Amino acid sequence: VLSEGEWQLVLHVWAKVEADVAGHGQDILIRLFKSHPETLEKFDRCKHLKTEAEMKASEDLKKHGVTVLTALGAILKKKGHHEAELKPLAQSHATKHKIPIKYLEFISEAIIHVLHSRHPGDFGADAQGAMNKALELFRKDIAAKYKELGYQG
Ligand code: HEM
């Protein structure tokens, strides 16, 4: 359970993401696809992308980064009270997309990397630790829902 201070550090850096959701989403998905190319196989409209310029020119990738960050922002703003936001996400990710917990770890590392690269002043060790806790709680709760749905990914 994060402290109120930790949630405030999470939501403070998140306000910087909200100034340009699409550009942050592109940098996060590009980092995930470049660091873990096996993840790109889950995206039918983007699986052919090779270079960073191709990834930045992709309308599908730019739209999907916004899809992901819109959902994650709503989850972070619930400050751990996110059962109703996690329920539909666990449903699709366990039964349709089949996204293993290791892939959620990969995208978490990509989020932390981009926030540290773009906003180092608002992402020092205090804020990095608070965001790490917030993404770890997200993964823990989604893993338990995955198992409830019969998915052991
Ligand atoms: C922070 C973690 C993530 C969040 C908040 C997130 C959120 C979403 C949301 C809101 C959607 C659209 C609604 C739905 O189908 O549930 C979606 C679709 C999808 N997500 Fe995720 N996702 C996350 C992580 C991942 C990861 C790591 C992968 C793959 C490596 C993934 C693969 C997919 C795919 C394949 C679709 C369908 C895309 C399409 O057909 O256009 N997601 N995700």
Side-chain angles (χ1 to χ4, degrees), residues 2 6-7 9-50 52 54-119 123 127-153:
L2 281 75
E6 285 171 330
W7 285 120
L9 293 171
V10 170
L11 295 178
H12 179 78
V13 73
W14 203 260
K16 311 300 188 199
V17 174
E18 297 181 272
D20 184 1
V21 177
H24 283 81
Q26 281 176 310
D27 283 5
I28 289 168
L29 287 185
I30 289 170
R31 172 67 174 190
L32 175 68
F33 296 155
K34 290 303 203 62
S35 299
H36 307 281
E38 70 271 29
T39 62
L40 190 60
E41 300 178 10
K42 288 293 182 182
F43 296 93
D44 284 316
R45 283 161 181 207
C46 284
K47 66 184 220 288
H48 64 287
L49 294 167
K50 288 170 182 176
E52 182 179 276
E54 281 174 343
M55 289 181 183
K56 284 188 168 199
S58 170
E59 187 181 288
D60 302 288
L61 191 156
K62 190 170 182 169
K63 283 164 60 176
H64 193 68
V66 173
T67 293
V68 169
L69 294 187
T70 295
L72 178 56
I75 287 157
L76 290 177
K77 288 175 185 184
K78 294 306 298 280
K79 295 186 292 190
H81 294 107
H82 54 218
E83 186 186 358
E85 289 72 29
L86 254 56
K87 188 188 166 70
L89 199 66
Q91 185 72 221
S92 61
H93 284 66
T95 75
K96 186 174 174 171
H97 316 315
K98 306 183 186 170
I99 305 308
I101 296 299
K102 293 179 179 179
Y103 287 9
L104 299 185
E105 293 174 346
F106 291 162
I107 202 171
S108 296
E109 302 158 8
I111 290 162
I112 288 174
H113 171 86
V114 170
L115 292 187
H116 179 74
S117 295
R118 289 203 179 210
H119 310 294
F123 210 63
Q128 184 158 327
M131 183 64 71
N132 175 62
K133 286 187 190 187
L135 294 177
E136 183 173 318
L137 173 65
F138 164 74
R139 294 195 309 272
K140 173 179 185 296
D141 288 350
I142 215 170
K145 291 294 306 183
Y146 270 9
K147 286 182 181 70
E148 283 194 8
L149 297 176
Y151 182 60
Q152 304 291 329

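The chain is numbered in sequence order, starting from 1. Atoms within each ligand, like the ligands themselves, are counted from 1 in listed order.
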Q.
Below 3.5 Å, N or O to N or O, backbone or side chain included: is there any such pair between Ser92 and ligand 1?
A. yes
Q) Does the N or O separation between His93 and ligand 1 drop below 3.5 Å for any pair? A) yes
Q: Look at the side chain of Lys42 and the backbone N and O of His97, then say whether any donor-acceptor pair between them is shorter than 3.5 Å.
A: yes
**Q.** Check: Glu83 main-chain N/O paired with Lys78 side-chain donor or acceptor under 3.5 Å
**A.** no
(Q) Checking a contact table here: which protein heavy atom is nearest atom 37 (C) of ligand 1, and how many Å away? (A) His97 CE1, 3.3 Å
(Q) Give the atom numbers and elements of ligand 1 that come within less than 4.0 Å of a heavy atom of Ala71. (A) 10 (C)
(Q) Under 4.0 Å from a heavy atom of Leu89: which atoms of ligand 1 are those, numbered in the order shown and with their elements? (A) 5 (C), 6 (C), 7 (C), 8 (C), 9 (C)
**Q.** Rounded distance [0.5 Å steps], CD in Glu38 versus CG in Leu32
**A.** 8.5 Å
Q.
Taking 2.8 Å as the cut-off, does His64 contribute an N, O or S atom near atom 21 (Fe) of ligand 1, distance below it?
A. no
Q. Applying a 4.0 Å heavy-atom criterion (strictly less than), which segment of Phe106 is in contact with ligand 1: side chain, backbone, both, or neither?
A. neither
Q: Anything under 30° is parallel, anything over 60° is perpendicular, the rest tilted; go ahead and classify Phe33 against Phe43.
A: perpendicular
Q | Aromatic ring pairing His36/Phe106, orientation class (parallel under 30°, perpendicular over 60°, tilted between) | A | parallel
(Q) Is the distance from the ring center of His119 to that of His24 below 6.0 Å? (A) yes
Q. Which one of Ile111, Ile28, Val68, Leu104 has a non-hydrogen atom at the shortest distance from atom 24 (C) of ligand 1?
A. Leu104
